[PDB]
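Worksheet: the structure to be examined is printed underneath.
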Amino acid sequence: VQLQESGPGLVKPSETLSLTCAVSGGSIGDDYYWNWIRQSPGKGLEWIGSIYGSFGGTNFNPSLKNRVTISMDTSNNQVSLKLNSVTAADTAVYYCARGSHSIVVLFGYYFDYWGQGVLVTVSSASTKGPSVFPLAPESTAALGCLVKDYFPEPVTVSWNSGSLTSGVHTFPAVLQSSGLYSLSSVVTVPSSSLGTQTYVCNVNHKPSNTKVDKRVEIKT
Amino acid sequence: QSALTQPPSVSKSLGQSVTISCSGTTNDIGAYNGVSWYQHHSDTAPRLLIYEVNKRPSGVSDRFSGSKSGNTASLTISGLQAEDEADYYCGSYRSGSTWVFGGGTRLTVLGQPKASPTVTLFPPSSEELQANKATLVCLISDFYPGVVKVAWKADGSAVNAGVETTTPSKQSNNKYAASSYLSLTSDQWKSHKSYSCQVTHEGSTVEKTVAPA
């Protein structure tokens, strides 16, 4: 019923990308294909390979069969992927997905349930935690947090520990020539609540194991 | 090796119907009734629309239908909604037990109202200034179509460097967002009386100004 990908979000060129897919609400050993599929702007959706739950049979994208491993751990209901000799061409969001089917040799199979996907960036550059800055705020007020000069993606930003979701807008990151990302999250609030309500952006850059809760002051 | 070929982009108007083709080979679309179609929105998992050429999962409206003829498959979407703007991928099992996704078709829904950008400009924080840096942040939201040009000014004069602007990206309300960063030193920031973010969209401009004082 649910798939959850995990693994290093940053991989160095020539090293091995490794990911795991934790499956819930259904046995990995059942009569399904378990698939790895990646997505990037440059290459759209790319089927990487699949392992068949009931007997372990694997099949691979011929373009990268030479460097892909797919296995499963029936014990903890995980499906795994190794992709080695990785390059910037392998930067992508990697998905775990279940392949359902009827009679395969007549109707192939198809992907009904997908995980959330995990971004994997292939780069030689070092992880860098972000510096977080308040963006201080007329009937409505925009206040926010600048999440400056981090690497790699992603950064997540919630507000007030998630209790504030309305009017929250986290912008896609910019990528500067430094090779570093910056993003902004702003929440648009009634200006009347600036006195009654504390605003804290919760910034999480898992790649540098860094969280910042920044109180956004109204300045003077 | 051999791809499933889709048109990269296709346009059709609101309410209308669109057909997206996927040209494969005798070894996939021609070999099985195993064509499936997937909807992919920004920052979302690909969504199964059609399987086994023309079957729909529960929860996919009958506005989607699939067909195939020889080595070509097709997805038809009727009653085009704004929500339908997305990337659509075909895919098929392939003789030899591999699986191949088509290159994807980006669907643009025409006939939609222009949405002019909301522009928010932030001056550097005092914290950043204490670090001798000054990043001006120009946030651009709720615009459609998703094409803007961002320019910056200092003392009413075109800034020629230090600007980095994002590509427009889809919002969940189907409009677009983008952002632009003017990266200065604190001294540079204080060296001018004002700075501006100028966002041009569909021939018109929204400009916001901040002043070090």
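Cβ coordinates were reconstructed from backbone atoms using ideal geometry, including for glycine residues, and neighbour counts include every protein chain displayed. Numbers and lists here come from the model and the stated rules, or from a named source; no laboratory instrument gave them.
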Of those in segment A:95-107 that are more than 13 Å from the chain's Cα centre (by Cα) and either of a type in the set (S, T, N, Q) or crowded, with 23+ Cβ neighbours inside 10 Å (or both), the residue farthest from the other protein chains (Cβ to nearest Cβ) is A:98
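Residue by residue, here is whether (1) among the aliphatic types (A, V, I, L, M); (2) touching a strand residue (DSSP E or B) at 6+ places or on another chain (Cβ under 9 Å); (3) within 25 Å of residue B:104 (Cβ to Cβ) holds:
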position: A:36; (1), (2), (3): no, yes, yes
position: A:53; (1), (2), (3): no, yes, no
position: A:79; (1), (2), (3): yes, yes, yes
position: A:113; (1), (2), (3): no, yes, yes
position: A:130; (1), (2), (3): no, yes, no
Just one of the numbered conditions (1) of a type outside the set (A, V, I, L, M); (2) in contact with a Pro (Cβ under 8 Å, 6 or more places away or on another chain); (3) within 12 Å of chain B (Cβ to nearest Cβ) is not true of residue A:188; which one? (2)
Could you pull out the residue among B:45, B:73 that is small (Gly, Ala, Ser), within 29 Å of residue A:4 (Cα to Cα) and in contact with a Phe, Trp or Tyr (Cβ under 9 Å, 6 or more places away or on another chain)? B:45
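Matching residues to (1) in contact with a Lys or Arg (Cβ under 6 Å, 6 or more places away or on another chain); (2) under 15 Å from residue A:83 (Cβ atoms); (3) among the aliphatic types (A, V, I, L, M):
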{"site": "A:7", "(1), (2), (3)": "no, yes, no"}
{"site": "A:10", "(1), (2), (3)": "no, yes, yes"}
{"site": "A:19", "(1), (2), (3)": "no, yes, yes"}
{"site": "A:22", "(1), (2), (3)": "no, no, yes"}
{"site": "A:27", "(1), (2), (3)": "no, no, no"}
{"site": "A:34", "(1), (2), (3)": "no, no, no"}
{"site": "A:43", "(1), (2), (3)": "no, yes, no"}
{"site": "A:47", "(1), (2), (3)": "no, yes, no"}
Looking at (1) within 26 Å of the chain's Cα centre (by Cα); (2) within 30 Å of residue B:38 (Cβ to Cβ); (3) buried (at least 17 other Cβ atoms within 10 Å of the Cβ), which is the only condition residue B:110 fails? (3)
Quick one: residue A:74 ticks every box in (1) closer than 16 Å to residue A:119 by Cβ; (2) β-branched (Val, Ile, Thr); (3) surrounded by fewer than 16 Cβ atoms within 10 Å (Cβ to Cβ) bar one, so which box is it? (1)
Is it true that some residue in segment A:139-147 is under 17 Å from the mean Cα position of the chain (by Cα) and not assigned by CATH to the domain that holds residue A:10? no
When you scan segment A:94-125, how many residues do you find that are outside any strand (DSSP E or B) and within 24 Å of residue A:185 (Cα to Cα)? 2
Residue list for segment B:151-202, filter: within 14 Å of chain A (Cβ to nearest Cβ), farther than 23 Å from residue B:125 by Cβ and not in a loop (DSSP other than H, G, I, E, B): B:169, B:170, B:176
When segment A:108-153 is examined, which residues are found to be at the interface with another protein chain (Cβ under 9 Å from one of its Cβ atoms) and of a type in the set (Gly, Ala, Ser)? A:108, A:115, A:117, A:131, A:136, A:142, A:144
Filter segment B:113-132 down to residues that are assigned to a strand (DSSP E or B) and more than 8 Å from chain A (Cβ to nearest Cβ) and give me whichever is farthest from the chain's Cα centre (by Cα). B:121
When residues of segment A:189-199 are filtered for being β-branched (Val, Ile, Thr) and surrounded by fewer than 18 Cβ atoms within 10 Å (Cβ to Cβ), how many remain? 2
I'd like to check which strands (runs of 3 or more DSSP E) are fully inside segment B:2-71 and have at least 1 residues that are closer than 20 Å to residue A:61 by Cβ and at the interface with another protein chain (Cβ under 9 Å from one of its Cβ atoms). B:35-40, B:47-50
Please specify each residue of segment A:33-62 satisfying the condition of being surrounded by fewer than 15 Cβ atoms within 10 Å (Cβ to Cβ) and either of a type in the set (S, T, N, Q) or assigned to a helix (DSSP H, G or I) (or both). A:54
